[PDB]
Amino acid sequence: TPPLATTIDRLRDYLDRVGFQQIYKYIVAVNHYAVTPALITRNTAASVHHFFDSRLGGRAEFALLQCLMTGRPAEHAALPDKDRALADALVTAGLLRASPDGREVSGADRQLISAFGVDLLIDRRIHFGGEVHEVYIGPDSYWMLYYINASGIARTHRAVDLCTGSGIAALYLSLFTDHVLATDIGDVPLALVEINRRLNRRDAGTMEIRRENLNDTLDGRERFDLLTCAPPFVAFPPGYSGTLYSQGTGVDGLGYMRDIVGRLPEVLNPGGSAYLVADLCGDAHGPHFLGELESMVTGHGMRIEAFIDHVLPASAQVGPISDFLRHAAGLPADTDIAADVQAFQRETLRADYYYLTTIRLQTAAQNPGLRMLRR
């Protein structure tokens, strides 16, 4: 809407005025900035507040910035005059809260971060409070984008970010090409990527946002030079309900990965490349999914490179998966979810380990083959 659009314009003006992106980059430092979005969290916010208070002297020009970054309250009367009208607009938009007596502003459900040179509003509940969030972002998103060869992107390359969520992959691609498609089906992420597109001075002139199922985009007539996708891929036991952003399709959670890879020879232009990321089950030698990709090498002459950037024994995921299932469905604490997850890992997934894997796939490769990089 026009009032929201103007509010976001003024918010980006504020971020530019006070150098938000540089401050965020300084706080997390260059050895963490691209590792994970979980840097400013409930466990580090006190440290962030101390930095602003003592190293930046508590200057009022950073007050509204901290409401957005950590949720820290700022007294309404202490905001500079230009920041105070913007703060009122953000409260009206539901992007910040006012205290009940109207005397301060503080965090709502959106946290402001930066990643890959882009300013991004994300679901605050993933790093603060702990309540089940409605939009995902994780280190996996970052590791996808890290492996993209940005110098090979032309302005006229057609790129698509499927299952865009907050929009981070689409906004990254929009740094380099003027033709980006970003898709999702959730009302909440779709609203958020609209905001984040405007927040980075973009509009439908160079980035289309589309409400569309993954398989519809992939079956379509559109052809792309570059594709990214971090799709729902978590595998939950039969009977359990996850969330739209987490639960993968198929018996092992990887149905969306299968869907994408199978259509790449038809959806990419020859020589185009796709970047995917998923947490893949496997044995001691590696993720089971890579065995399915040999059909792509032989049948389509692709080059497929898998970058294994984190390994965990399956037993280390039982708690996190069970906790997530318990909270997402509001289950009580006497349910034996842990045994259900274990049995599912053992019997259906055959998962001794989980491999957090980025995969680059190229069509019409001059050096076809499958390559697995492990440390």
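A residue's number is simply how far along the shown sequence it sits, counting from 1.
For the pair 116 to 124 and 235 to 243, the mean Cα B-factor is higher in 235 to 243. As listed in the deposited structure, the average C-alpha B-factor of 190 to 198 and of 75 to 83 is greater for 75 to 83. Sorting 135, 168, 277, 163 by the CA temperature factor given in the entry leaves 135 at the top.
Among all modelled residues in its chain, residue 344 ranks in the highest third by Cα B-factor. Residue 51: CA B factor in the middle third of modelled residues in this chain (values from the PDB entry). When all modelled residues of the chain are sorted by CA temperature factor, residue 220 is found within the highest third.
Split the chain's modelled residues into thirds by C-alpha temperature factor. Residue 203 is in the middle one. Per-chain ranking of the deposited C-alpha B factor places residue 21 in the middle third.
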